[PDB]
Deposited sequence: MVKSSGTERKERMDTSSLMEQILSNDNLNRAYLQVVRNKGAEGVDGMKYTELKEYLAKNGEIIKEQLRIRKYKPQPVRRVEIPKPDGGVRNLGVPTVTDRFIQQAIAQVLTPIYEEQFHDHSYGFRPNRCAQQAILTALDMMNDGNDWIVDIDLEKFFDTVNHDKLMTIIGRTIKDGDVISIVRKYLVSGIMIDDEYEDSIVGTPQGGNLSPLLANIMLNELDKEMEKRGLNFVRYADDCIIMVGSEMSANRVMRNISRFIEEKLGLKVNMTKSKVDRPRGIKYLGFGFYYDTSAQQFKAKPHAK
């Protein structure tokens, strides 16, 4: 992973990134450019954009704050930035798919929220029906950028890629969290930020895997299935300590709780016990 930048700027990778970003549509950024205008803009300024990226002279623009229906706050990068973030992710994704845990399902190829529910249900129905529901503050509102770049540097040795990725963290990229309402569809502004959050939280997956914990994770939304109420409280304190001390994230001790499945709301699903099947099952909550 030394000359990774040239793989990102290749003709085929940029063409596929441009097609995916147009297909994803989405609102406009601070420059007001619609996704229907990216084609002619790259045809006239694409080579200059590539040259600016090689010499680390491309300056990403800040994301636009958009209120979306209550209301939801999202950070929308410009369509040019979404195009570049997609070009980076297409190269970084296959590298990190070899490291990621099988029980991580958020914003990954061929993975969705229902798979996480299914795996968690199979764990509950083996006797691990005491749920540790760790609530984290907004990832990109609390992550230390240098902490994240160091973790990325263990695998990515191309400094040009490290430099441009760091700049997009500065731009304010974040995670469209509409999955919490069981919404299915294309997220906004999430070409690169979800992958970055998975690289970070993969350190939590490896720690939980080290301790033999049964868990599923979707972005920064994780639940842990354990066999007793007391070990649940021990796992609760041990993992929350690891999240704050080793990763620098903040555990919301007001929302985090230990509970039975029927008290858990995860990825928009609730949990109930099927008396006929003699198993826990899941369905959307109110």
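Query raised in the report: Do you know which deposited regions have no coordinates at all?
Result: Gaps vs deposited seq, in order: 1 to 14, 84 to 87, 305.
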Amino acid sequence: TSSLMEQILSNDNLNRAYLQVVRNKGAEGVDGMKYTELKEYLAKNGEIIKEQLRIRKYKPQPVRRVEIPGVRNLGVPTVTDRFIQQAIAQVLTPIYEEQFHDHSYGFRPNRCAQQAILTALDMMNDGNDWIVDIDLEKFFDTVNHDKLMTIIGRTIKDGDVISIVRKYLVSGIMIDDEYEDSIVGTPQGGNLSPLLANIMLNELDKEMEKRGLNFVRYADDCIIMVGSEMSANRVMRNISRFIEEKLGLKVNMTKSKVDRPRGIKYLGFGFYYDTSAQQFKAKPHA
From here on, numbers count along this sequence of modelled residues.
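Query raised in the report: Taking the other compared PDB entries with both flanking residues modelled, is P69 unmodelled in at least a third?
Result: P69: unmodelled in a third or more of the comparison entries.
Query raised in the report: According to the deposited model, is the average Cα temperature factor higher in 113 to 121 or in 201 to 209?
Result: The stretch with the larger mean CA B-factor is 201 to 209.
Report task. Can you let me know which of the two, 28 to 36 or 48 to 56, has the higher average C-alpha B-factor in the entry? Result -> The entry gives the higher C-alpha B-factor average to 48 to 56.
Query raised in the report: If you check the C-alpha B-factor for each of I95, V143, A89, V165 in the entry, which is highest?
Result: Comparing C-alpha B-factors across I95, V143, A89, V165, the maximum falls on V143.
Report task. Quick one: which of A232, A219, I223, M253 shows the highest Cα temperature factor in the PDB entry? Result -> That would be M253, according to the entry.
Requested in this report: Quick one: classify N73 as lowest, middle or highest third of the chain based on its Cα B-factor.
Outcome: Highest third, going by the recorded CA B-factors of the chain.
Report task. Would you mind checking where the Cα B-factor of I134 ranks among the modelled residues of its chain, as the lowest, middle or highest third? Result -> Within its chain, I134 is a highest-third residue by C-alpha B-factor, going by the deposited values.
Query raised in the report: Within this chain, which third does the Cα B-factor at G185 fall in: lowest, middle or highest?
Result: It belongs to the lowest third of the chain when residues are ordered by C-alpha B-factor.
**Report entry** Lowest, middle or highest third - CA B-factor, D160
**Finding:** Ranked within chain, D160 CA B lands in the highest tercile.
Requested in this report: Looking at the entry's B-factor column for C-alpha atoms only, identify whether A286 ranks in the lowest, middle or highest third of its chain.
Outcome: For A286, the deposited C-alpha B-factor lands in the highest third.
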